[PDB]
């Protein structure tokens, strides 16, 4: 019957895999087929929409590889009589202002960022680190709003908790992955020999993991590193290791909700001109660590070690 697209920027992330999985579920529930496409860059994005059209899809959910493609995506879709819903990453105009008109479903970025900071500080306190010889490494992707609001949130929280502002070092990453974050963290590490203990701030699991990997390379032991990721699902391989690392835990969101709900809303729209709410913010979050990850996953229905 009805065909709907589910386009994601990073198909390799468990986050996005989970959104795909739950979109499938909505498909089975509501009676539509989900066409799952990877759109890692702008070219593939625009091409992919062309393909959808050839397939006779009525609309698509998208997590764009670039928010600035917003205009183009919308123009293309319009042309094809396709309805669009954005997941995770909000469309912006040329000027960098949000395209409010496109329905969006995303995490409560600021709130989750702030929770990251809170939990970083809590764990620091637990370990009894001397603030004097501690520092925050904030690996940023400021060109992406969602990423920005997380890392700002985190930094704000740390500062509010009384972590010295002067000891917070930001470094931009060129890619939102391990390799990117690794590179960034490495360059910051060598700049600060004075630091004995690091808090690692990053918008997601991969970013923080990259940070952790770099610290290990610069001869830091797990005890001296705290990195708390965001996503949860992305962190499972890390949390499953025999030995504890600098990667302490992750804030598990609801990619299940994002996948299912975005899909379901698109369907209602396409099938019944049921106009989605412009903004859907998902506030779920739980801290998963080495101790509780398996419970919490299975509790949330994302089972399997």
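Positions refer to the first chain, counted from 1.
Higher mean CA temperature factor, per the PDB entry, when comparing 117 to 125 with 221 to 229: 117 to 125.
Two stretches are in play, 159 to 167 and 209 to 217, and the higher mean C-alpha B-factor belongs to 159 to 167. Within the group 140, 154, 175, 146, the record's highest C-alpha temperature factor is found at 175.
Note on 39, 52, 257, 61: the highest value goes to 52, judged by CA B factor as recorded. When the CA B factors of the chain's modelled residues are split into thirds, the value for residue 111 lands in the middle one.
Per the PDB record, residue ranking by Cα B-factor puts residue 289 in the middle third of the chain.
Residue 43 sits in the highest third of its chain by CA B factor, as recorded in the PDB entry. In this PDB entry, the Cα temperature factor of residue 70 sits in the middle third of its chain's modelled residues. Among all modelled residues in its chain, residue 265 ranks in the middle third by Cα B-factor.
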